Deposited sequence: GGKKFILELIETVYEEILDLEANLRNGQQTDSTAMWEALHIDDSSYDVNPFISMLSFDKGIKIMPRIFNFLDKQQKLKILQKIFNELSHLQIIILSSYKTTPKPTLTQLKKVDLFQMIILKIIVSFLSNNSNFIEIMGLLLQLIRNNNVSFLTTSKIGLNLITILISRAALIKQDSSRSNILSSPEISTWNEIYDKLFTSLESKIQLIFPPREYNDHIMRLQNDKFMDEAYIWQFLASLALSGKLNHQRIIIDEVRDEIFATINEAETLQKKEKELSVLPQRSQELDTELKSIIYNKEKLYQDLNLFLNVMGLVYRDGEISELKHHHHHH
């Protein structure tokens, strides 16, 4: 229960602080006490205690400090534990536009903190003497133990996937290359015909917009995901991707062009007030942003939107 997990987190901070005082005072560090404090090898509960800790702000806040006193095998086991349970985590449930269609500002902040800390940790683990087979194993754990599609309805799940595949791509035996093909295929099959769902619905965007007093959204992470999915696949995969997100391409082009006209009508006004000036700068920034993020994906496909057309590259 909640009071139990809170007591657990308290104990963990005490272990970390003792550990951190030792390292400062030059002397011995032994992470054995802190590791046990995590209850990572504890099957005695409904939800694993360490996992439940991750849905408290104070629990997630101590994760980097925990990783400072861990070896790679301990690091891997933790990430394995997490990847296993991803789509069940309370914070992921908060993160998905499906399970949480009307988040509060506070819930958005909790979500942002989680993905900020967790992603950085996962990234640093992959950037630090990590091999292909490690990454593959993590992707495969992700795919086989989760509703992959449900994960793609969260910024966190989407970002996690594109980090994993982009780290895969950025990297080797022939069986390893083949392993990547099998895994990509598994990932791809899990998403086939559900790709457009990565785009939250209009009701959700309107809600977020009203919430944050902002006329615009930021979906760079969505197009980034598509670009990396497309770059990691073969020509038939790319074909299937561009087909599933067809209407999103058109809608994006449509919005950009609507911005282009509003820009043209404000641009020719002399001595713009502060309000009109901030508005024009906003229009321009957002127009260019839609072009840029859309072209990140199209360029991968050998395509470009420029002067009212999707033309071939060069």
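*Asks:* So which bits of the deposited sequence did not make it into the model?
*Replies:* Going by the record, the segments left unmodelled (no C-alpha atoms) fall at 1, 173-181, 325-330.
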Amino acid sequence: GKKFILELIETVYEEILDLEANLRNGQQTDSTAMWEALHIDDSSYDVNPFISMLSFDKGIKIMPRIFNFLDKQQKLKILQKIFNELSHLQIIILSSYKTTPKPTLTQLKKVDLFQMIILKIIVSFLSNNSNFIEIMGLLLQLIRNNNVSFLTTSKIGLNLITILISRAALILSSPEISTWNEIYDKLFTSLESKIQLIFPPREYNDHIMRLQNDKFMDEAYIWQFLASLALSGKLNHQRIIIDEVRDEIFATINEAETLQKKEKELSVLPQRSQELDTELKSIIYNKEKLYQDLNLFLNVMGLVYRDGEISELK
From here on, numbers count along this sequence of modelled residues.
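*Asks:* If you average the Cα B factors in the entry, which is higher, 46-54 or 27-35?
*Replies:* Stretch with the greater average CA B-factor: 27-35.
*Asks:* Take the C-alpha B-factors listed in the entry for 227-235 and for 78-86, compute each mean, and give the stretch with the larger one.
*Replies:* The deposited B-factors put 78-86 ahead on the C-alpha mean.
*Asks:* Out of 121, 240, 91, 177, which one has a C-alpha B factor higher than all the others in the entry?
*Replies:* Comparing C-alpha B-factors across 121, 240, 91, 177, the top value belongs to 177.
*Asks:* Just to confirm, going by the entry's C-alpha B-factors, which of 171, 105, 187, 198 comes out highest?
*Replies:* Most elevated C-alpha B-factor of the set, per the entry: 171.
*Asks:* Considering only modelled residues of the same chain, in which third does the CA B-factor of residue 214 rank: lowest, middle or highest?
*Replies:* For residue 214, whose C-alpha B-factor we compare with every modelled residue in the chain, the answer is the middle third.
*Asks:* What third of its chain's C-alpha B-factors does residue 72 belong to: lowest, middle or highest?
*Replies:* Answer is highest: the recorded C-alpha B-factor places it there.
*Asks:* Sorting by Cα B-factor within the chain, modelled residues only, which third would residue 268 end up in: lowest, middle or highest?
*Replies:* Tercile = highest for this residue's CA B-factor.
*Asks:* Compare the C-alpha B factor of residue 22 with those of the other modelled residues in its chain, then answer lowest, middle or highest third.
*Replies:* Within its chain, residue 22 is a highest-third residue by C-alpha B-factor, going by the deposited values.
*Asks:* Which third of the chain does residue 277 land in by C-alpha B-factor: lowest, middle or highest?
*Replies:* Lowest third, going by the recorded CA B-factors of the chain.
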